[PDB]
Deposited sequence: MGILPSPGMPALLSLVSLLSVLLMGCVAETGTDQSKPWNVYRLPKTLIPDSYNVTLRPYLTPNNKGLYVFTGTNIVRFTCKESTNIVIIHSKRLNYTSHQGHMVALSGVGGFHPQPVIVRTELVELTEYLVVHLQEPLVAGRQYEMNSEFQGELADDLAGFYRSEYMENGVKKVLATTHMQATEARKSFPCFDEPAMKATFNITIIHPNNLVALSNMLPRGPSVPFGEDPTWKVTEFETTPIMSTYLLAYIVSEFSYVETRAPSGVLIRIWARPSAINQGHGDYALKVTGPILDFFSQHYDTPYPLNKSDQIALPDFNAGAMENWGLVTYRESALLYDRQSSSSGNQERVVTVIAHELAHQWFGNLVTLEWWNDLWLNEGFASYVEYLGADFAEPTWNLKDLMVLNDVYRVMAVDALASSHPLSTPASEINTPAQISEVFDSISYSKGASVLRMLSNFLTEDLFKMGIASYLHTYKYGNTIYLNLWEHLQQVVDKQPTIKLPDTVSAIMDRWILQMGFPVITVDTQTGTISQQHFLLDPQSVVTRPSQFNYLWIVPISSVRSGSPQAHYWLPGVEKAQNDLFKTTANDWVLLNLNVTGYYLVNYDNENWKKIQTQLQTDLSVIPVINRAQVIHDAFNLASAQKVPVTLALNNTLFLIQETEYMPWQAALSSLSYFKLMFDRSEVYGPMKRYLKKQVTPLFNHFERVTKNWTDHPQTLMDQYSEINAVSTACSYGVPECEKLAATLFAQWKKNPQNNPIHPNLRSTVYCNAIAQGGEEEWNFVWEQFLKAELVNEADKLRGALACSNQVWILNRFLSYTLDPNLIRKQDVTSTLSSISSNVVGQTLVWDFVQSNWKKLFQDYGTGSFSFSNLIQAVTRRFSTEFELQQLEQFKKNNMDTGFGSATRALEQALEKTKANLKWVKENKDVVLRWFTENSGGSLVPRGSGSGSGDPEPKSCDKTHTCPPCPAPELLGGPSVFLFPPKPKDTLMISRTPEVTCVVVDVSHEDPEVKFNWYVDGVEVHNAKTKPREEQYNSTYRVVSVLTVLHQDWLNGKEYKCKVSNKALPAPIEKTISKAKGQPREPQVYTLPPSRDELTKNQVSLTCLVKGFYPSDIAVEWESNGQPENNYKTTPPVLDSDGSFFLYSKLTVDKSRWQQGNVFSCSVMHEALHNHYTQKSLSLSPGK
């Protein structure tokens, strides 16, 4: 019944809040609960005889017979009734007379909620410190969960000031968005300064017993890092404090706007499944992603720390100072951060070349899921998102990765200076307000029109419509004999049917750069037509072309066979002419086009022949990511013989190179890219039976076992050394690693040891490990599925894990299928080797004998198995011939 305004999921536009007074009093003593009082001041834009305000699971106290009290700021309203609507999470107050427009009113309430163990609203986190168990009270009120803590107009467009007060035990400390107003005076009261105009989902307050390390920037901003006292004493928060300042300075210069606040607190929590939340002034991280230990952490951990810090600090301007009008534009916010973090990180670590990793981290990660008929566009109308489940549905990998990709492309074809000027104008115009993406497009268009240098085929909004209103990306095919260029909607499945209509008929307006034999050409625009012709893409018998430079565009590229051969010849002649990003791009595009049956698989295999002289990390990473599917499909057949041989032939020089560079593995590289390349070289050499790598792993494991107190193995090589030593050895090595794992205190080292324990080649050892996984005292619940997946990665353990899962189906579903997606990931991970008819028949029989989401996962596995069977039957002979001829 949509006639009643309290049955509508969207809040009425009649009342606008101005300020809040929230008082909270957590009760950490257990049936954990909290109590509070709240005051809301609001203005009635239009006359109305009803007040609707969000409220979720709050017990109120009777005030003159009603749950809340209302007064003016005096025709005092008379509350006829007050009720709770649980479906729409509302609190409805009926007034005997309409409210006078242009007048301000105050509503007081006193409520009592629960501090539950669910990470929503005001909740509690229980952790283990030393031998004792400690409890903290923290808030995660993103999206639509601030109503769970106190009654408010819980919509992002509703912006108001806040006055926070906390009542906490003397033994604890309280943190909020702003600085405390002064000293806190068995219970103490802490009051905080008034927040600026902000949204409800950006508020936070935490009561805990934590220590901090502090510093002051030359700009005057006080930067604090909060963690457990032990971690602070050990110095695990020094790197974050060191890198926070430069990132803030870079964002102040880049946005051309000073930091809006006075303090910057970043707090690490022992258990935080959300990862990170960009609360204004008090950012919350998980301790596994914010704390860095210089004794047991690898380079990947350091890169993750710096990138997550940059990503969360980017939101302080773009997302908090200017907020989205409604949850349908979220892709613009998150994606923007997902693009600028690298830039910020690139300022903090100039020598790491971080901006090159984004492709491997984002573009190639999203093109896997965007090349399916089940994809969706970035932008949707606001009327299609009303339910909180619909609101939660928009937080997906598309909104982050593809938004970052399209914003990076837009920044590249508009130049960095114009992009920064438009961003600065947009931030200045709409500070402390709400916007839509059309406003940003208008500001960028204004900046473009004020300069004569850059010319576009159309307006910014018209170009961006092709990339935000329809799903997928194009593949651009070039014929260099005549110079013809065409575009087509790319799909990984050649026999896929797209049923989602598009207003543009899946045609894009494409920006295209290129080089001719390493010499830059003029920029080109594909104007939104299916086919075109130009002389920039016409070549003679000597020269060649290559289009997507540094992969700044969100599309694939395909050439004719002669151009591919010329590119391969150039790669075999001089690598330095072609940029390394494009050296990875050729491999990635060739394999993806082979999967779509647009080029023969032999061309994709030919594109990997230059790796025998490549010392960079990205081409090797792309090739190994592409060949993982081949390894999965052929590790139990005769094709695995030659294939390994070929890979060994390709990896022997690279390993040797590092053996010469590192001085027999004593001095290790200082740059991130070289460290990644060394890790890749050692891992691949040990995986494909290079004797030197096995000798190195055995010697390092012997040195470690001689003196377990001090680990002589560098943290970058520990996983490979452990796994290879366990694979080579027997029960003694496995027992030593298991004993080390049982006494492990840190998390990264324990994870490395647990992953290494799954590399055994003995059936009985793997079965004993599977038996160990059933005991919570040995293996934690949250790791169990991961362990199973690792054991499934072993070719020996495939059948063992499948039998174990089939035997323990009910217990696994009960423990991990109630409300988590881990069960679906486990099902997908243990069935990805199925490529035969016998396995398909067995899976169908199991499904027939086991008839919620488990059946859907089984059906998806059946479809994947059918596809794998067809692909293997179609490609086995030709891939075997190629591997035999080239090994």
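Residues of the deposited sequence with no modelled C-alpha atom fall in the ranges 1-32, 63-66, 110-112, 225-230, 897-900, 937-1184.
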